[PDB]
Amino acid sequence: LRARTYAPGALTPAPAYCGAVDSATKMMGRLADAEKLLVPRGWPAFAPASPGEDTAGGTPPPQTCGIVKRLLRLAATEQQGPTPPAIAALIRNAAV
Amino acid sequence: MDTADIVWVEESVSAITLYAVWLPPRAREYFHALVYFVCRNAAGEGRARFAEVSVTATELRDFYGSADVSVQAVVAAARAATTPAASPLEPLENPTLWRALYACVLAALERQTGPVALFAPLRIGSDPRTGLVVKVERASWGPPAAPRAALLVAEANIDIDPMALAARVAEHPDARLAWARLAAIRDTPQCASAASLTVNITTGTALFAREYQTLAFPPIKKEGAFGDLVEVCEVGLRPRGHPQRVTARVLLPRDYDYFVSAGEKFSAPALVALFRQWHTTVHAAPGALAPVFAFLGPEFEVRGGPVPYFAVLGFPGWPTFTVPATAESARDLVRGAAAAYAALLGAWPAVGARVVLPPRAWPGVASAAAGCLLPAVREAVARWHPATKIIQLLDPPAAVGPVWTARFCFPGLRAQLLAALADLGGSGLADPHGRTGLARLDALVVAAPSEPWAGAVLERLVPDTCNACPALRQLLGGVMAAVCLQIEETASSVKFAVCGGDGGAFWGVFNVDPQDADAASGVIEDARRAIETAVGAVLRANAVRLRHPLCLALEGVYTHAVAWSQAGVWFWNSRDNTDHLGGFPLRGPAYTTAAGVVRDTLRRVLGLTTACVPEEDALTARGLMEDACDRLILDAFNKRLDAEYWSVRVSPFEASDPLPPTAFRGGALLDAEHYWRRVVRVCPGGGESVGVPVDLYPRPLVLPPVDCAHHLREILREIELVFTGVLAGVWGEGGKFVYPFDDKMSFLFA
């Protein structure tokens, strides 16, 4: 029950919002920055590919459906012990 | 040679090291070496003495094991090693040459001067005109002094570009990372001068602490004086291989004999850099020779080794013992290490299998030993083949019960056989001084029963000798086959029936009323005694003599046995609930819970088997099995966020995943990677299943969700492999056991 549903305090009124709201492109920039921050401790890299690049490869789809998947996977990751979860590297707060 | 000028003293020796290696003025057949002993008197007083030996080329080729070496290469490498400012890691180019050199020099010294030993009283006679030890003899004059230790702790910070490590790894796809670090450091020595270092040495009288921000400048933090740990000595020699006088400058320790370092985190480069700085500092003033600078370990080979050590061949002069810490038996470990160092003269484990006999003399000894035996035994030896079956008439799944079953063992047979066979074949040796080597082996055997370290040494040593020459393999196989046949023939008349084993250890069944308990304990002993006597007689028949008399041991008495393969077997005793399981893989922390579950379920099923019920019982049995599996999976849910729990071990000879680039940025964590590699598996996206080497990253970690379905399937296959056999054997069924993982509990981890 606890590991497969929203946290108890998420849907409770608060004076102000404490999340991350953005456009598409700046969201990509912030995601790249957070991934760079997290890489040095075990998190695997991304290695993407886009049309017009020097390597065609696969996954032609550009950053249109590739942001929601990453955001959802980041948001569904739980936390172990006193170490704050990974999402804190994007929201920039140690109380989420 | 004259005895009218020889001066005699009584002393003890605590270390033998290599000082110089040169070539006489006009000769290309042999070379000369100069060695240095650090002796002590009856009350504790250091002294330095020197000796000189000459080595030919035939002996060097024999100890190398091939005919592609020369004295010129040996001399060139020895001369190159003298300057550590530019070439500090010489033995990394070719280790076998250094191993052969050390072994041959030790053997020549032992043969020429006389018998020597460590930590034992001796009488030494020297020449006053030249100052070189000329004779050594063994005597007795009292309770020689006791060794002493000293604790050491060092830490260094070196920096190397990850690109070099990546390139070196790419060159050899299956290399260990410690070797890559060592090679990169070797390419650019100057990086070992700019490192930051910290050293703490604790002795029984003083203390020595230093903290260098950079190893090329004065210390930032200091405590203690160098003039206390060690003493500098100058000696004037006059060897027969030189035209003019020579001088030698050496270090003598004060109030200790060897270093002891814990194994929690051991790094070679720190010690190498520290000793390099000491070597550069001490040997500055002109007017004297310089020693060699060589070291050895398991990280000097591309694929590493399973037993760690750190061997010193030259500067500074005393050994270092690396012992794993965090063990309540640390004192026992250190005592075993010291005993092993003393007994084998310090060569083991550096030299390897050359401590017994050179690798180019085995075939003759083996042929001579086999030539005598007995006609039938010779015929058996000639036809030996690895994959053959002689005695052990059972098969895949089969169950026995309820009867009296027994297990017997011969403790330590291969080592005794090798010793006796080498002694028998020694008549073919083309030398009267090699027997000393064999003698050493004999001692180890006699100490095996009451000393664990001897047993471990023998267990590690016998396979190397066998791998050196296949003739030994064939001879041992033939003799063991003869022993097994005799055992079966004799056991066929004491109400015994051999059911499994190979000859070193076996198990069988008895023929007696299964009810009385006070009469079944009087038949096993008689059978054991009869088998022991018969095997002894058969061995004695073929002119084979053993130092330690044979002794056969009984390892338990049971009532039920089940066999599901050629290496798996389960024994159970239905009066105290004792049992034994053999043949289950164990490659991680999650492979023990499966073993416990298997044991419990098997016990329950076999307990229910005594309900004397028709085929319905089988159905009932099946139910129980399934239930167990269910519970296991549920229990695994609570440990879904643990990375070390699910990690599995991999050896160099298997195939593994490629190394992610980030792993090359770890730093000082790559030094302790001799043999094993631990790997886990994670899923970062959709179906990706990428790998991760757990041990190369600083703690704590930050990873995506673990992959539990993969590991759980891998475990479940092995779990079912045994249940299927039990079902097919106990009840004679024909249906395999299959657990529906994909349609019942796969939603938990999705």
# chains A, B, ... in the order shown; residues from 1 in each chain; ligands from 1

$ closest_atom_pairs --of "chain A" --to "chain B" --cutoff "8 Å" --atoms "only C-alpha atoms" --output "tab-separated table"
residue	atom	partner	partner_atom	distance
A:38	CA	B:702	CA	7.7
A:39	CA	B:662	CA	8.0
A:40	CA	B:662	CA	7.1
A:41	CA	B:701	CA	5.5
A:42	CA	B:702	CA	5.7
A:43	CA	B:703	CA	5.1
A:44	CA	B:684	CA	7.3
A:70	CA	B:685	CA	7.9
A:73	CA	B:685	CA	7.6
A:77	CA	B:704	CA	7.0
A:80	CA	B:641	CA	7.2
A:86	CA	B:702	CA	7.4

$ write_last_selection --atoms "C-alpha atoms" --output "PDB file, in the first residue's frame"
ATOM      1  CA  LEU A  38      23.477  12.132 -10.326  1.00  0.00           C
ATOM      2  CA  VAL A  39      25.802  10.151 -12.633  1.00  0.00           C
ATOM      3  CA  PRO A  40      28.859  10.003 -10.311  1.00  0.00           C
ATOM      4  CA  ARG A  41      27.195   7.563  -7.876  1.00  0.00           C
ATOM      5  CA  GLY A  42      25.733   4.738  -9.966  1.00  0.00           C
ATOM      6  CA  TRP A  43      22.913   6.133 -12.077  1.00  0.00           C
ATOM      7  CA  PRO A  44      23.287   4.898 -15.682  1.00  0.00           C
ATOM      8  CA  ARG A  70      11.690  10.106 -17.963  1.00  0.00           C
ATOM      9  CA  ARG A  73      10.155   7.118 -14.011  1.00  0.00           C
ATOM     10  CA  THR A  77      11.277   6.021  -7.661  1.00  0.00           C
ATOM     11  CA  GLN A  80      15.600   4.139   1.186  1.00  0.00           C
ATOM     12  CA  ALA A  86      16.591  11.272  -6.622  1.00  0.00           C
TER      13      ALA A  86
END

$ residues_around --residues "residue B:296" --least-positions-apart "4" --cutoff "8 Å" --atoms "only C-alpha atoms" --output "PyMOL selection string"
chain B and resi 91+300+310-313+350

$ closest_residue --among "B:339, B:333, B:106, B:546" --to "residue B:419" --atoms "only C-alpha atoms"
B:546

$ atom_distance --atom1 "atom CA of residue B:254" --atom2 "atom CA of residue B:229"
5.7 Å

$ select_by_dssp --residues "stretch 404-553 of chain B" --states "helix (DSSP H, G or I)" --output "compact mmCIF listing (two decimals) with C-alpha atoms, in the first residue's frame"
# COMPACT_ATOMS: atom_id res chain seq x y z
CA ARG B 414 46.82 -37.20 -2.56
CA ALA B 415 49.63 -35.40 -0.73
CA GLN B 416 50.80 -38.61 0.95
CA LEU B 417 50.69 -40.44 -2.38
CA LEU B 418 52.73 -37.70 -4.07
CA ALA B 419 55.35 -37.73 -1.30
CA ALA B 420 55.73 -41.51 -1.37
CA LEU B 421 55.86 -41.68 -5.17
CA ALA B 422 58.46 -38.91 -5.41
CA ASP B 423 60.56 -40.71 -2.80
CA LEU B 424 60.27 -43.94 -4.80
CA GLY B 425 61.29 -42.24 -8.05
CA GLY B 426 64.09 -40.22 -6.47
CA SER B 427 66.56 -42.94 -7.44
CA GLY B 428 66.36 -41.49 -10.96
CA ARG B 435 66.54 -34.38 -1.92
CA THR B 436 66.44 -31.39 0.45
CA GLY B 437 63.46 -30.09 -1.49
CA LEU B 438 61.61 -33.37 -1.08
CA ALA B 439 62.55 -33.32 2.60
CA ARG B 440 60.68 -30.05 3.06
CA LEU B 441 57.53 -31.55 1.54
CA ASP B 442 57.76 -34.51 3.91
CA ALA B 443 57.79 -32.22 6.94
CA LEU B 444 54.59 -30.51 5.81
CA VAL B 445 52.77 -33.84 5.59
CA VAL B 446 53.75 -34.89 9.11
CA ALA B 447 52.41 -31.56 10.40
CA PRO B 452 45.57 -26.18 9.77
CA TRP B 453 48.03 -23.91 7.95
CA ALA B 454 49.95 -26.95 6.71
CA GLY B 455 46.72 -28.40 5.34
CA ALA B 456 45.85 -25.18 3.52
CA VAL B 457 49.37 -24.93 2.07
CA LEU B 458 49.24 -28.53 0.82
CA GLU B 459 45.77 -28.02 -0.66
CA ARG B 460 46.99 -24.99 -2.60
CA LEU B 461 50.31 -26.63 -3.57
CA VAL B 462 49.39 -30.11 -4.89
CA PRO B 463 47.26 -28.89 -7.85
CA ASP B 464 50.12 -26.68 -9.07
CA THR B 465 52.57 -29.59 -9.09
CA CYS B 466 50.04 -31.81 -10.85
CA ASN B 467 49.36 -29.12 -13.47
CA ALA B 468 53.11 -28.77 -14.07
CA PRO B 470 50.58 -34.60 -16.74
CA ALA B 471 52.62 -37.74 -15.98
CA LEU B 472 51.94 -37.14 -12.29
CA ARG B 473 48.23 -36.90 -13.10
CA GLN B 474 48.28 -40.26 -14.88
CA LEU B 475 50.29 -41.99 -12.15
CA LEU B 476 48.04 -40.72 -9.35
CA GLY B 477 44.91 -41.69 -11.27
CA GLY B 478 46.15 -45.22 -11.81
CA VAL B 479 47.17 -45.75 -8.19
CA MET B 480 43.87 -44.35 -6.89
CA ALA B 481 41.91 -46.62 -9.24
CA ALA B 482 43.80 -49.65 -7.91
CA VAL B 483 43.08 -48.55 -4.34
CA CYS B 484 39.36 -48.17 -5.08
CA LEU B 485 39.12 -51.61 -6.69
CA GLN B 486 40.82 -53.22 -3.68
CA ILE B 487 38.49 -51.34 -1.31
CA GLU B 488 35.41 -52.61 -3.12
CA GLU B 489 36.71 -56.19 -3.24
CA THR B 490 37.42 -56.22 0.50
CA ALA B 491 34.16 -54.51 1.46
CA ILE B 524 30.15 -50.47 11.39
CA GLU B 525 33.37 -50.48 13.43
CA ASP B 526 34.37 -53.97 12.28
CA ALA B 527 33.84 -52.99 8.64
CA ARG B 528 35.89 -49.82 9.11
CA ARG B 529 38.78 -51.75 10.68
CA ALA B 530 38.73 -54.44 7.98
CA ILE B 531 38.72 -51.89 5.15
CA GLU B 532 41.58 -49.97 6.78
CA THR B 533 43.72 -53.09 7.14
CA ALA B 534 43.01 -54.31 3.60
CA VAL B 535 43.89 -50.95 2.04
CA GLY B 536 47.08 -50.79 4.08
CA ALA B 537 48.12 -54.25 2.90
CA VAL B 538 47.34 -53.50 -0.75
CA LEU B 539 49.40 -50.30 -0.61
CA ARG B 540 52.32 -52.04 1.11
CA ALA B 541 52.28 -54.74 -1.57

$ atom_distance --atom1 "atom CA of residue B:322" --atom2 "atom CA of residue B:203"
16.7 Å

$ residues_around --residues "residue B:747" --least-positions-apart "2" --cutoff "12 Å" --atoms "only C-alpha atoms" --output "PyMOL selection string"
(chain A and resi 4) or (chain B and resi 633-634+637+708-709+741-745+749-750)

$ residues_around --residues "stretch 17-22 of chain B" --least-positions-apart "2" --cutoff "8 Å" --atoms "only C-alpha atoms" --output "PyMOL selection string"
chain B and resi 15+24+31-37+75+78-79+291-292+313-314+317

$ atom_distance --atom1 "atom CA of residue B:370" --atom2 "atom CA of residue B:62"
22.6 Å

$ residues_around --residues "residue A:64" --least-positions-apart "6" --cutoff "12 Å" --atoms "only C-alpha atoms" --output "PDB file with N, CA and C atoms, in the first residue's frame"
ATOM      1  N   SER A  23       8.564  24.799 -19.304  1.00  0.00           N
ATOM      2  CA  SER A  23       8.234  24.518 -20.695  1.00  0.00           C
ATOM      3  C   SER A  23       8.873  23.190 -21.095  1.00  0.00           C
ATOM      4  N   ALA A  24       8.901  22.904 -22.396  1.00  0.00           N
ATOM      5  CA  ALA A  24       9.493  21.654 -22.859  1.00  0.00           C
ATOM      6  C   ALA A  24      11.016  21.742 -22.933  1.00  0.00           C
ATOM      7  N   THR A  25      11.546  22.776 -23.593  1.00  0.00           N
ATOM      8  CA  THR A  25      12.987  22.847 -23.831  1.00  0.00           C
ATOM      9  C   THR A  25      13.764  23.041 -22.533  1.00  0.00           C
ATOM     10  N   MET A  27      12.836  22.283 -19.699  1.00  0.00           N
ATOM     11  CA  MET A  27      12.723  21.023 -18.976  1.00  0.00           C
ATOM     12  C   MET A  27      13.813  20.053 -19.403  1.00  0.00           C
ATOM     13  N   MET A  28      14.091  19.981 -20.705  1.00  0.00           N
ATOM     14  CA  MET A  28      15.179  19.132 -21.176  1.00  0.00           C
ATOM     15  C   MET A  28      16.513  19.580 -20.594  1.00  0.00           C
ATOM     16  N   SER A  50      19.208  12.103 -31.994  1.00  0.00           N
ATOM     17  CA  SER A  50      18.225  12.980 -32.607  1.00  0.00           C
ATOM     18  C   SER A  50      18.469  13.093 -34.104  1.00  0.00           C
ATOM     19  N   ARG A  70      10.631   9.863 -18.935  1.00  0.00           N
ATOM     20  CA  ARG A  70      11.690  10.106 -17.963  1.00  0.00           C
ATOM     21  C   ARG A  70      11.142  10.766 -16.705  1.00  0.00           C
TER      22      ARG A  70
END

$ select_by_dssp --residues "stretch 113-305 of chain B" --states "strand (DSSP E)" --output "PyMOL selection string"
chain B and resi 121-126+133-137+151-157+196-202+207-212+221-223+230-237+246-253+259-262+295-296

$ residues_around --residues "residue B:405" --least-positions-apart "6" --cutoff "6 Å" --atoms "only C-alpha atoms" --output "list in words"
residues 508, 509, 557, 558 and 559 of chain B

$ write_last_selection --atoms "C-alpha atoms" --output "PDB file, in the first residue's frame"
ATOM      1  CA  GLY B 508      27.357 -47.186   1.343  1.00  0.00           C
ATOM      2  CA  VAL B 509      24.537 -49.280   2.788  1.00  0.00           C
ATOM      3  CA  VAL B 557      25.188 -42.725  10.302  1.00  0.00           C
ATOM      4  CA  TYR B 558      21.810 -42.063   8.682  1.00  0.00           C
ATOM      5  CA  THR B 559      18.673 -43.902   7.529  1.00  0.00           C
TER       6      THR B 559
END

$ closest_residue --among "A:82, A:68, A:58, A:48" --to "residue A:94" --atoms "only C-alpha atoms"
A:82

$ residues_around --residues "residue B:716" --least-positions-apart "3" --cutoff "12 Å" --atoms "only C-alpha atoms" --output "list in words"
residues 590, 591, 593, 594, 595, 597, 598, 626, 628, 629, 630, 632, 633, 708, 709, 710, 711, 712, 713, 719, 720, 721, 722, 723, 737, 738, 739, 740 and 741 of chain B

$ write_last_selection --atoms "C-alpha atoms" --output "PDB file, in the first residue's frame"
ATOM      1  CA  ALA B 590      20.280 -14.965  -1.802  1.00  0.00           C
ATOM      2  CA  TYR B 591      21.432 -18.541  -2.507  1.00  0.00           C
ATOM      3  CA  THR B 593      17.728 -18.861   1.814  1.00  0.00           C
ATOM      4  CA  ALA B 594      16.910 -21.197  -1.072  1.00  0.00           C
ATOM      5  CA  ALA B 595      19.075 -23.902   0.508  1.00  0.00           C
ATOM      6  CA  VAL B 597      13.847 -23.712   2.148  1.00  0.00           C
ATOM      7  CA  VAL B 598      14.885 -26.812   0.196  1.00  0.00           C
ATOM      8  CA  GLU B 626       4.204 -25.483  -4.344  1.00  0.00           C
ATOM      9  CA  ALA B 628       6.978 -23.422  -0.124  1.00  0.00           C
ATOM     10  CA  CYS B 629       7.821 -21.630  -3.354  1.00  0.00           C
ATOM     11  CA  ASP B 630       4.916 -19.231  -2.864  1.00  0.00           C
ATOM     12  CA  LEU B 632       9.650 -17.602  -0.658  1.00  0.00           C
ATOM     13  CA  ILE B 633       8.619 -15.109  -3.324  1.00  0.00           C
ATOM     14  CA  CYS B 708      14.163  -9.038  -9.335  1.00  0.00           C
ATOM     15  CA  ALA B 709      12.337 -11.197 -11.896  1.00  0.00           C
ATOM     16  CA  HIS B 710      15.613 -12.142 -13.607  1.00  0.00           C
ATOM     17  CA  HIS B 711      17.369 -13.212 -10.403  1.00  0.00           C
ATOM     18  CA  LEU B 712      14.255 -14.959  -9.085  1.00  0.00           C
ATOM     19  CA  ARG B 713      13.926 -17.035 -12.262  1.00  0.00           C
ATOM     20  CA  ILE B 719      15.216 -25.005  -6.946  1.00  0.00           C
ATOM     21  CA  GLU B 720      13.065 -27.102  -9.292  1.00  0.00           C
ATOM     22  CA  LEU B 721      16.017 -29.187 -10.495  1.00  0.00           C
ATOM     23  CA  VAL B 722      16.023 -31.041  -7.155  1.00  0.00           C
ATOM     24  CA  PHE B 723      12.271 -31.335  -6.560  1.00  0.00           C
ATOM     25  CA  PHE B 737       7.808 -29.959 -11.452  1.00  0.00           C
ATOM     26  CA  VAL B 738       6.926 -26.562 -12.948  1.00  0.00           C
ATOM     27  CA  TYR B 739       6.001 -23.401 -11.033  1.00  0.00           C
ATOM     28  CA  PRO B 740       3.815 -20.784 -12.843  1.00  0.00           C
ATOM     29  CA  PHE B 741       5.762 -17.637 -11.991  1.00  0.00           C
TER      30      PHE B 741
END
